[PDB]
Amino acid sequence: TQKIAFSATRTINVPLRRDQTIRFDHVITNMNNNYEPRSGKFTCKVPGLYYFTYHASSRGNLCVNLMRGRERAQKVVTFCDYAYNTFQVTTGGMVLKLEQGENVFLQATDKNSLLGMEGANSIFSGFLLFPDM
């Protein structure tokens, strides 16, 4: 068995600009240490099928790109949720087949209302479903 799984929350509240990687600095779980909390990037060392998910607290317009790739990162999907002024939680999820060295991370856009507070968490999680060979 390969146990690869991470859950990480964001506790810094510096404003995100466009195309910045969204860092989840605080590690709840990081089994096999394939999530990098200094960056916010998961890096695949064991190729196979993975599920990635997040829940982001927000007070305004939030759009985030889910990014994937080895060399140049590419957008898989964009998730958008438009709060007007008020506290909300939004979610996105995806099953990805990953090769070795593929990075997976969330990327900021111009709609950057994402907060990390004790009473309104933002969390990024992922786990291996089935390894390869």
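In this text, the rigid core denotes the largest set of C-alpha atoms whose superposition between the two forms falls within 1.5 Å. Numbers for residues come from their place in the sequence shown, where the first is 1.
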query	finding
RMS Cα shift after core superposition in 5 other deposited structures of this protein, winner of 81-89 and 54-62	81-89
Between 97-105 and 64-72, the one whose CA atoms sit farther away in 5 other deposited structures of this protein (rigid core aligned)	64-72
Stretch exceeding the other in mean C-alpha B-factor - 53-61, 83-91	83-91
Higher-B stretch (mean Cα B-factor, as the entry records it), 9-17 or 116-124	9-17
B-factor third for the C-alpha atom of residue 78 within its chain	lowest
Residue 30 by Cα B-factor - lowest, middle or highest third of the modelled chain	lowest
Residue 46, C-alpha B-factor rank within chain (lowest, middle or highest third)	highest
Residue 129 by Cα B-factor - lowest, middle or highest third of the modelled chain	lowest
